[PDB]
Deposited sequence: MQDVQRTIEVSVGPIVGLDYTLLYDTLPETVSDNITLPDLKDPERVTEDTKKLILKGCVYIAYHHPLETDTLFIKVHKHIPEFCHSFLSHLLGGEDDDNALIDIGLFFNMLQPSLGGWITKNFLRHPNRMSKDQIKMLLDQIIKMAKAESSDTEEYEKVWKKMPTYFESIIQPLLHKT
């Protein structure tokens, strides 16, 4: 029975417990996917990728104490898990154009978003970080070369302060 649990809990992201992830995601997400979907972004539709990513942002916002086993086995690995799903949805030389991305955000977050916040996401509040990550998922489908090509890692850098 040890092998039965290894089979289900272990997947592509090292250290992530896929059974605890499936259990922790909101039912609005888990009503629409299975645990094997979490292990294989390529077999998931674009819209279901976005639904999983939005769920990850939600449980990152509502994370448990960082000493809990659940945090170590799930939340600690959400940045890498989101990087994977984002890469599939959408290079060590390319950069992230903060100035273009700031303009892209004006219709949705222009009332409060600042260049400072985009350079230093750990300076945002938890509510702001959540709003930025949710907005990135909403927009995801020139700008590709400058912003979207680097977004999987930039998104990873934004959600990490949400976890603490």
Report the unmodelled segments of the deposited sequence as residue ranges counted from 1. 1 to 2, 93 to 96, 148 to 153, 177 to 178
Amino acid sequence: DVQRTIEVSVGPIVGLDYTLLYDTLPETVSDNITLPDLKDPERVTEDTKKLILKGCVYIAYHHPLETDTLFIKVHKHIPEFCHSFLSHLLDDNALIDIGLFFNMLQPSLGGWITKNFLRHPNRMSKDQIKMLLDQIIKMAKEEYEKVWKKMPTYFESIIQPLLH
From here on, numbers count along this sequence of modelled residues.
Give the stretch, out of 93 to 101 and 24 to 32, with the larger mean C-alpha temperature factor in the deposited entry. 93 to 101
Quick check on the record: does 120 to 128 or 47 to 55 carry the larger mean Cα temperature factor? 120 to 128
Among 65, 60, 137, 38, where is the Cα B factor highest in this entry? 65
Temperature factor at the Cα of residue 151, chain-ranked in thirds, falls in the middle
Relative C-alpha B-factor of residue 162, binned into the chain's lowest, middle or highest third: middle
